[PDB]
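To start, I am sharing the structure in question, which I have written as structure tokens.
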Amino acid sequence: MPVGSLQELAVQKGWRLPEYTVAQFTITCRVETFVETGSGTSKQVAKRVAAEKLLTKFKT
Amino acid sequence: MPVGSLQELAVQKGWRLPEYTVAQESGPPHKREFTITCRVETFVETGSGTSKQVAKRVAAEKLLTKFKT
RNA sequence: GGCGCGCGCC
RNA sequence: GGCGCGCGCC
């Protein structure tokens, strides 16, 4: 999973664990110096999308 | 909403409602795959996915696509 | 939500 | 023990 993978990355890198804001659906994810917001039809999807976005901005 | 669109088609056409059946269940507990068969009127299609819900949606979409054909 | 069956990282 | 994720059933 993107969330699981994001976590493992942080733990691996020695970064403080990812932080997700309370779902509002949009959820903002922050890890290291990254900040990405995800949207979706459910809170679960928003979180997943925020994670995927962060990993993507990480690869670039 | 494929499942819903297919049901409406059937009702509008005067067909008995679509019937969905689990044709196959496989894979390890954490990565299962399901296959569902969708039968309506004279059509029969199969759909697969990570969950029974998803497989059902796929089976319905395929049947509608076969219907337009 | 409960029950159950699993997996990843630490 | 902790964090996370997946599926079924109710």
Side-chain angles (χ1 to χ4, degrees):
Chain A
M1 65 299 292
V3 177
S5 293
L6 184 57
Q7 181 173 296
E8 289 173 48
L9 174 61
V11 179
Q12 159 60 307
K13 290 281 186 176
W15 299 336
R16 297 199 60 215
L17 303 177
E19 295 180 357
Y20 301 85
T21 58
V22 173
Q24 214 171 354
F25 293 116
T26 58
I27 293 181
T28 300
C29 178
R30 303 189 176 82
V31 67
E32 213 260 325
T33 60
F34 299 104
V35 180
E36 291 303 336
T37 298
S39 295
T41 56
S42 63
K43 295 181 177 180
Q44 165 177 20
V45 170
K47 183 183 178 179
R48 189 189 185 86
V49 175
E52 294 179 4
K53 277 196 177 186
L54 222 43
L55 293 173
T56 294
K57 208 176 187 181
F58 167 69
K59 297 181 180 179
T60 302
Chain B
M1 188 183 308
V3 180
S5 292
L6 176 60
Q7 176 173 300
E8 283 172 47
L9 176 62
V11 172
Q12 177 275 69
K13 289 286 185 176
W15 303 336
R16 291 187 57 270
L17 297 169
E19 303 183 332
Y20 300 85
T21 59
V22 179
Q24 185 59 285
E25 291 176 311
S26 66
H30 54 287
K31 182 183 176 184
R32 296 278 284 175
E33 191 191 69
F34 298 81
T35 298
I36 289 185
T37 296
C38 173
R39 283 176 165 280
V40 70
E41 207 252 3
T42 225
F43 308 81
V44 193
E45 260 301 6
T46 69
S48 58
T50 53
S51 66
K52 290 181 175 182
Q53 161 179 38
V54 170
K56 178 184 181 186
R57 196 174 199 288
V58 173
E61 298 181 1
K62 287 188 175 180
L63 197 142
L64 290 171
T65 285
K66 185 173 180 180
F67 170 70
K68 295 184 178 182
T69 300

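The basis for the numbers below is simple: all heavy atoms, side chains too, and nothing from hydrogens, waters or symmetry mates. Chain identifiers are assigned alphabetically (A, B, ...) following the order of the sequence lines, protein sequences preceding nucleic acid strands; residue numbering begins at 1 within each chain.
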Practice prompt. Round to the nearest Å and state the distance from A:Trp15 atom CH2 to C:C9 atom P.
Written response: 18 Å

Discussion item. At 4.0 Å (heavy atoms only), tell me whether A:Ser5 reaches a base, stays on the sugar-phosphate, or touches nothing.
Written reply: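 Since no nucleic acid heavy atom lies under 4.0 Å of A:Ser5, the category is nothing.
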
Worksheet item: Taking OP1 and OP2 of D:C9, is either one under 4.0 Å from a side-chain nitrogen or oxygen of B:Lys52?
Response: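 It does, given that an N or O in the side chain of B:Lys52 lies less than 4.0 Å from OP1 or OP2 of D:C9.
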
Discussion item. From C-beta outward on A:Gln7, which listed nucleotide comes closest to its side chain: D:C3, D:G6, D:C5?
Written reply: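 Ranking D:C3, D:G6, D:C5 by closest atom to the A:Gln7 side chain puts D:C3 first.
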
Worksheet entry | A:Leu17 CG to D:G4 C1', straight-line distance once rounded to whole Å | 10 Å

Worksheet item: Between C:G8 atom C1' and A:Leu6 atom CG, what is the distance in whole Å?
Response: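 Spelled out: CG on A:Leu6 to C1' on C:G8 is 14 Å.
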
Worksheet item: Can we say B:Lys13 and B:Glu41 salt-bridge, meaning some charged N sits less than 4.0 Å from an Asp/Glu carboxylate O?
Response: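 Looking at B:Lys13 and B:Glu41, the cut-off is not met.
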
Discussion item. From the set C:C9, C:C5, D:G4, return the single nucleotide nearest to any side-chain atom of A:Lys47.
Written reply: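 Output: D:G4.
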
Worksheet item: Just wondering, do A:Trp15 and A:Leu9 contact through their side chains at under 4.5 Å, heavy atoms?
Response: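 A side-chain contact exists here, since the closest heavy-atom pair is under 4.5 Å.
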
Worksheet item: CE of A:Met1 versus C1' of D:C3: gap in Å, rounded?
Response: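 Taking CE of A:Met1 and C1' of D:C3, I get 11 Å after rounding.
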
Worksheet item: A:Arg48 versus A:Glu52: any side-chain heavy-atom pair under 4.5 Å?
Response: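 Yes, their side chains come closer than 4.5 Å.
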
Discussion item. Please pick, from C:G6, D:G4, D:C7, the nucleotide with the shortest atom-to-atom distance to any side-chain atom of B:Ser51.
Written reply: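 Closest nucleotide to the B:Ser51 side chain: D:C7.
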
Fill in: Contact summary for B:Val40 and B:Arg16, nearest pair of heavy atoms
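Looking at all heavy atoms of both residues, the shortest contact is CG2-O, 3.6 Å.
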
Worksheet entry | pair A:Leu55-A:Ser5: side-chain heavy atoms closer than 4.5 Å | yes

Discussion item. Could you tell me how far apart A:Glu8 (CD) and D:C5 (P) are, to the nearest whole angstrom?
Written reply: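 After rounding, the reported distance stands at 12 Å.
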
Worksheet entry | Side-chain heavy atoms of B:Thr21 within contact of B:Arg39, under 4.5 Å |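 Contact flag for B:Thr21/B:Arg39 side chains = no.
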
Practice prompt. Please determine if B:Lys66 forms a cation-pi arrangement with B:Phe43, meaning its NZ or CZ atom is less than 6.0 Å from the six-membered ring centre and no more than 45° off the ring axis.
Written response: no

Fill in: Protein-nucleotide distance (A:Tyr20, atom OH; D:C5, atom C1'), rounded to Å
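Rounded to whole Å, this separation is 11 Å.
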
Worksheet entry | For RNA chain C, the residues among residues 31-39 of chain B that have a non-hydrogen atom under 4.0 Å from it | none

Item to complete: Report the distance from atom CD of B:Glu25 to atom P of D:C9, rounded to the nearest whole Å.
Response: 8 Å

Discussion item. Rounding to an integer number of Å, can you tell me how far A:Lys13 NZ sits from D:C3 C1'?
Written reply: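 Distance check: A:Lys13 NZ to D:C3 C1' gives 20 Å.
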
Worksheet item: Within the pair A:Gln44 and D:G6, is there a side-chain N or O less than 4.0 Å away from OP1 or OP2?
Response: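 Yes.
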
